[PDB]
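A short write-up of the structure that comes next.
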Amino acid sequence: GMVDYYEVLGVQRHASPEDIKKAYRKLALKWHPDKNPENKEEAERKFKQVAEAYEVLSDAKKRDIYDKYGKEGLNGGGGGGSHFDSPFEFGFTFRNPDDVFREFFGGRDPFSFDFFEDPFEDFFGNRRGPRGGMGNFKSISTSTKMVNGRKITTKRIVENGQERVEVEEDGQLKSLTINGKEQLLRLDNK
């Protein structure tokens with residue numbers, strides 16, 4: 001009948017490889033972890049499914065199998081009674097969906113721009129930019145002590161060459177300094 005991966009892509013069984021590429025790219029954005037983190041439940045599940053769907057469905061070796069079977073799947077060739085040459089299952093494991101998207105996109109929004117959607121030009125940091133960026137951290141020094149029953153924690157965080165000191169008391173930020181310039185926390189109403 002049809003291959004379930006088509007339903008994952010949201011297309012018809014007669015969709016071309018190029019149309020598979022379309023759905024793949026579109027859904028890569030649509031259900032991207034950073035696109036819809038609010039519904040991470042539906043997003044994660046479908047996002048990962050898309051990885052599998054694309055990789056397998058787009059494989060000519062699997063298409064050969066599907067053509068033999070008639071898109072029947074379970075023992076399709078036997079049920080249909082077909083006689084075509086096809087590749088065999090050799091105990092192949094499942095691939096990390098994240099690695100799939102890493103290969104083809106880099107784990108990033110397919111429809112993003114390096115000149116317009118610059119991660120390092122984002123006040124809020126909703127483009128995988130600095131301020132919590134992986135590989136951007138040089139070194140973090142953490143030291144905690146007890147003062148009059150109070151938990152005093154000081155963190156020296158170096159990121160992108162910039163140093164910021166964070167001093168907390170019982171889990172509450174008391175002082176914050178950036179490159180020797182103390183910032184006023186009273187301005188932070190987030």
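Naming works like this for the structure tokens: A, B, ... for the chains as they're shown, residue 1 at the start of each chain, ligands 1 onward in shown order.
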message: Among segment 6-158 of chain A, which ones does DSSP assign to strand (DSSP E) (computed from the backbone)? Answer as a PyMOL selection string.
response: chain A and resi 137-147+150-158
For the residues in that selection, give me N, CA and C atoms as a PDB file, in the first residue's frame.
ATOM      1  N   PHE A 137      33.068  28.354  26.264  1.00  0.00           N
ATOM      2  CA  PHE A 137      33.567  28.433  27.632  1.00  0.00           C
ATOM      3  C   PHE A 137      35.042  28.060  27.705  1.00  0.00           C
ATOM      4  N   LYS A 138      35.837  28.931  28.315  1.00  0.00           N
ATOM      5  CA  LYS A 138      37.264  28.678  28.485  1.00  0.00           C
ATOM      6  C   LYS A 138      37.546  27.987  29.811  1.00  0.00           C
ATOM      7  N   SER A 139      36.938  28.495  30.878  1.00  0.00           N
ATOM      8  CA  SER A 139      37.171  27.966  32.217  1.00  0.00           C
ATOM      9  C   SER A 139      36.181  28.547  33.219  1.00  0.00           C
ATOM     10  N   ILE A 140      35.716  27.708  34.139  1.00  0.00           N
ATOM     11  CA  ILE A 140      34.858  28.163  35.226  1.00  0.00           C
ATOM     12  C   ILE A 140      35.403  27.721  36.579  1.00  0.00           C
ATOM     13  N   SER A 141      35.624  28.686  37.465  1.00  0.00           N
ATOM     14  CA  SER A 141      36.115  28.395  38.806  1.00  0.00           C
ATOM     15  C   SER A 141      35.032  28.623  39.852  1.00  0.00           C
ATOM     16  N   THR A 142      34.652  27.555  40.545  1.00  0.00           N
ATOM     17  CA  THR A 142      33.582  27.624  41.534  1.00  0.00           C
ATOM     18  C   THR A 142      34.115  27.379  42.940  1.00  0.00           C
ATOM     19  N   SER A 143      33.754  28.259  43.867  1.00  0.00           N
ATOM     20  CA  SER A 143      34.137  28.101  45.264  1.00  0.00           C
ATOM     21  C   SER A 143      32.989  28.470  46.195  1.00  0.00           C
ATOM     22  N   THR A 144      32.655  27.561  47.106  1.00  0.00           N
ATOM     23  CA  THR A 144      31.540  27.767  48.020  1.00  0.00           C
ATOM     24  C   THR A 144      31.992  27.678  49.472  1.00  0.00           C
ATOM     25  N   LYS A 145      31.506  28.600  50.296  1.00  0.00           N
ATOM     26  CA  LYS A 145      31.840  28.612  51.716  1.00  0.00           C
ATOM     27  C   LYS A 145      30.632  28.993  52.561  1.00  0.00           C
ATOM     28  N   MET A 146      30.659  28.600  53.831  1.00  0.00           N
ATOM     29  CA  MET A 146      29.571  28.912  54.751  1.00  0.00           C
ATOM     30  C   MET A 146      29.916  30.106  55.629  1.00  0.00           C
ATOM     31  N   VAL A 147      29.081  31.139  55.567  1.00  0.00           N
ATOM     32  CA  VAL A 147      29.307  32.354  56.342  1.00  0.00           C
ATOM     33  C   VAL A 147      28.086  32.708  57.181  1.00  0.00           C
ATOM     34  N   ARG A 150      25.056  31.037  56.131  1.00  0.00           N
ATOM     35  CA  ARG A 150      24.667  31.357  54.763  1.00  0.00           C
ATOM     36  C   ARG A 150      25.580  30.666  53.758  1.00  0.00           C
ATOM     37  N   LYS A 151      24.995  30.197  52.660  1.00  0.00           N
ATOM     38  CA  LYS A 151      25.756  29.527  51.612  1.00  0.00           C
ATOM     39  C   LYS A 151      26.272  30.526  50.583  1.00  0.00           C
ATOM     40  N   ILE A 152      27.564  30.829  50.656  1.00  0.00           N
ATOM     41  CA  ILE A 152      28.171  31.813  49.768  1.00  0.00           C
ATOM     42  C   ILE A 152      28.925  31.137  48.631  1.00  0.00           C
ATOM     43  N   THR A 153      28.428  31.312  47.411  1.00  0.00           N
ATOM     44  CA  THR A 153      29.044  30.706  46.237  1.00  0.00           C
ATOM     45  C   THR A 153      29.565  31.769  45.279  1.00  0.00           C
ATOM     46  N   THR A 154      30.831  31.647  44.897  1.00  0.00           N
ATOM     47  CA  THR A 154      31.423  32.540  43.909  1.00  0.00           C
ATOM     48  C   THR A 154      31.875  31.772  42.673  1.00  0.00           C
ATOM     49  N   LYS A 155      31.383  32.188  41.512  1.00  0.00           N
ATOM     50  CA  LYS A 155      31.752  31.554  40.251  1.00  0.00           C
ATOM     51  C   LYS A 155      32.460  32.536  39.327  1.00  0.00           C
ATOM     52  N   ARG A 156      33.647  32.155  38.865  1.00  0.00           N
ATOM     53  CA  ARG A 156      34.354  32.920  37.846  1.00  0.00           C
ATOM     54  C   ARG A 156      34.228  32.263  36.477  1.00  0.00           C
ATOM     55  N   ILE A 157      33.357  32.814  35.641  1.00  0.00           N
ATOM     56  CA  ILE A 157      33.032  32.200  34.358  1.00  0.00           C
ATOM     57  C   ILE A 157      33.682  32.953  33.205  1.00  0.00           C
ATOM     58  N   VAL A 158      34.539  32.261  32.462  1.00  0.00           N
ATOM     59  CA  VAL A 158      35.176  32.843  31.287  1.00  0.00           C
ATOM     60  C   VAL A 158      34.594  32.267  30.003  1.00  0.00           C
TER      61      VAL A 158
END
Using DSSP secondary structure from the backbone, list all alpha helix (DSSP H) positions within chain A, as a short mmCIF file (atom, residue, chain, number, x, y, z; two decimals) with C-alpha atoms, in the first residue's frame.
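In the end it all went to out-v6.cif:
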data_model
loop_
_atom_site.label_atom_id
_atom_site.label_comp_id
_atom_site.auth_asym_id
_atom_site.auth_seq_id
_atom_site.Cartn_x
_atom_site.Cartn_y
_atom_site.Cartn_z
CA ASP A 4 4.70 4.66 6.96
CA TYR A 5 7.66 7.01 6.52
CA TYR A 6 5.51 8.91 4.02
CA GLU A 7 3.03 9.66 6.80
CA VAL A 8 5.91 10.81 9.00
CA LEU A 9 6.92 13.20 6.23
CA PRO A 17 12.85 11.80 -3.64
CA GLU A 18 13.01 15.57 -4.06
CA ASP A 19 9.62 15.94 -2.37
CA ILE A 20 10.95 13.74 0.43
CA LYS A 21 13.84 16.19 0.73
CA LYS A 22 11.32 19.03 0.94
CA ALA A 23 9.29 17.50 3.76
CA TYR A 24 12.51 16.51 5.51
CA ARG A 25 13.90 20.05 5.47
CA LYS A 26 10.56 21.62 6.39
CA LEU A 27 9.93 19.30 9.34
CA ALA A 28 13.54 19.68 10.47
CA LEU A 29 12.64 23.31 11.12
CA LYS A 30 9.07 22.70 12.25
CA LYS A 40 9.12 19.36 23.40
CA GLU A 41 7.10 16.16 23.78
CA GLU A 42 5.52 16.18 20.32
CA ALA A 43 8.50 18.02 18.84
CA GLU A 44 11.16 15.57 20.02
CA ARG A 45 9.20 12.48 18.98
CA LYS A 46 8.33 13.66 15.47
CA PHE A 47 11.67 15.41 14.96
CA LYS A 48 13.50 12.15 15.63
CA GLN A 49 11.08 10.18 13.47
CA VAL A 50 11.77 12.52 10.55
CA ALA A 51 15.47 11.68 10.77
CA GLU A 52 14.74 7.96 10.41
CA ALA A 53 12.06 8.43 7.76
CA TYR A 54 14.32 10.48 5.50
CA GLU A 55 17.47 8.39 5.88
CA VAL A 56 15.74 5.06 5.26
CA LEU A 57 13.01 6.06 2.81
CA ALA A 60 17.69 3.50 -3.04
CA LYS A 61 18.42 0.11 -1.48
CA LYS A 62 15.26 0.41 0.62
CA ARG A 63 13.30 1.66 -2.39
CA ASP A 64 14.36 -1.49 -4.24
CA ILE A 65 12.90 -3.49 -1.36
CA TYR A 66 9.74 -1.38 -1.28
CA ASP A 67 9.23 -1.80 -5.03
CA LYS A 68 9.58 -5.57 -4.71
CA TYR A 69 7.18 -5.64 -1.77
CA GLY A 76 5.45 -7.92 1.20
CA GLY A 77 7.35 -9.86 -1.46
CA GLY A 78 5.90 -13.17 -0.28
CA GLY A 79 2.35 -11.84 0.05
CA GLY A 80 2.47 -10.12 -3.34
CA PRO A 97 18.46 11.18 14.83
CA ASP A 98 20.61 14.09 16.01
CA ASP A 99 23.56 12.76 14.01
CA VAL A 100 21.36 12.55 10.92
CA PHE A 101 20.43 16.23 11.19
CA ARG A 102 24.04 17.03 12.07
CA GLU A 103 25.17 15.47 8.79
CA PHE A 104 22.70 17.22 6.52
#
task: Show which residues sit within 6 Å of residue 119 of chain A, as a count of residues only. Count only C-alpha atoms, and ignore same-chain residues fewer than 6 positions away.
output: 3
field: Computed interatomic separation between atom CA of residue 189 of chain A and atom CA of residue 117 of chain A (Å)
entry: 26.6 Å
field: Using only C-alpha atoms: which of A:114, A:72, A:109, A:85 has the shortest distance to residue 36 of chain A
entry: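 Smallest separation from residue 36 of chain A among the options: A:109.
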- request: May I have the residues within 12 Å of residue 183 of chain A as an MDAnalysis selection string, using only C-alpha atoms and disregarding those fewer than 6 positions away in the same chain?
  value: chainID A and resid 164:167 173:177
query: Of the residues A:135, A:94, A:74, A:182, which is the one nearest to residue 161 of chain A, using only C-alpha atoms?
result: A:135
message: One decimal, in Å: what's the spacing between atom CA of residue 34 of chain A and atom CA of residue 121 of chain A?
response: 16.7 Å
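In this structure, atom CA of residue 110 of chain A sits 26.4 Å away from atom CA of residue 93 of chain A.
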